[PDB]
Structures are given as C-alpha cells and as structure tokens.
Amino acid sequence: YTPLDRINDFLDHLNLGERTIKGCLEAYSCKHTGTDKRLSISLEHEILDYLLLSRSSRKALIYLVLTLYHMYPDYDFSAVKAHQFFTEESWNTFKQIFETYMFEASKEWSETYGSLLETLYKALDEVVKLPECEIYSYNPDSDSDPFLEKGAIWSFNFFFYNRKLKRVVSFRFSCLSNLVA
C-alpha cells in the first residue's frame, strides 16, 4: 500500500455535497515483448505515414496510445486522432489546473491530514522519475472515446511519461453534479 493507493482511496468518490470529485492514478510499464511490442510497431508506422502534438512528441505518442489501449483495450484508438487530442504540458501548467479545479479536494485533504499536491508529486516521482518526464493532457472530442465523461462539470486526463523506463502514469480527475431536475 503506497502513496498512490492512498491518494486513490481518498479520491474515490469524494463527495462534497452538490458536486462529487473522482480521481484516479494508474501506472503502466510498456512491455517490450508480445502484443505491446507489435502494437508499438504498428503505431510507429502509422505516425510516419501521416508525417495537438508537435513532432518532438512523436515517440512519446507511441507510448501514450499504448497506455490508452492498456486502459481500454476494446476501443479503437488511433495514432493520428490522438496526435490531435494530446497536448503537451509542463508541470507548471498542470499545477495551475490542479490549483484551480482540485481546490476543494486539496482543501479537504489538508483538513484530513496535516499538501495533497505535494503528496502527489512525491508519489509520481517515486514511480516515474518526475523531473525527467514529459507531460500530456488527453482531450478527446469524440463521443465514443472512453476518456470522455459525459455530463461532467469538468474532466481531465493527464499522462506522465518516462522515456527511459517506457513507463506512464495516467492521472484522471473529474467532477460530477449530484443534482436532480
């Protein structure tokens, strides 16, 4: 039972009255054998034919789409559409988002313990060496995409990728309205 398991339990259906906050960290090490390997190659080909993400992320992209497939393997992810829906970020741009939307969450957490953000950082750093990571948000517009939560007040899907380890932590967090009419 690690800090991620901690954060995750805390963020499992945090209920704050009218809106309910959900959050989820999942880590994935991309295998270099079997289906992961073949899939990776497929993606790498698709990307090259086609040659918003810049090209600096053409490799990162391969590994992000594997992590999608890992999370929802029955869904058709596509290298080109993801190229469209992934956006590169910085820790700082992530920090602002955490500050502005996960405010009630951080607050409840400090009331509970004696920062949620600091904890998160430490937890991520342990699993993917954070200062060496690349950061991405996934914002699909497609109706079907399973990273799209419909009727949500907001939703984010972040990804922390480590190139050396071929390792990705995905952080999803969203807000739901508990109202009735």
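In case it trips you up, residue 1 is the first one in the sequence shown, and so on.
- Where residue 51 is followed by residue 52 in the displayed chain, the model omits 10 or more of the deposited residues that sit between the two.
- Coordinates are lacking for 1 to 3 deposited residues between residue 114 and residue 115.
- Just going by the entry, 29-37 versus 64-72 on mean CA temperature factor gives the higher value to 29-37.
- In this crystal structure, the stretch out of 152-160 and 127-135 whose C-alpha atoms carry the higher mean B factor is 127-135.
- Remark: residue 56 belongs to the lowest third of its chain, ranked by C-alpha B-factor as recorded.
- When the modelled residues of the chain are ordered by their C-alpha B factor, residue 175 lands in the lowest third.
- In the PDB entry, residue 106 places in the highest third of its chain by CA B-factor.
- In this PDB entry, the Cα temperature factor of residue 167 sits in the middle third of its chain's modelled residues.
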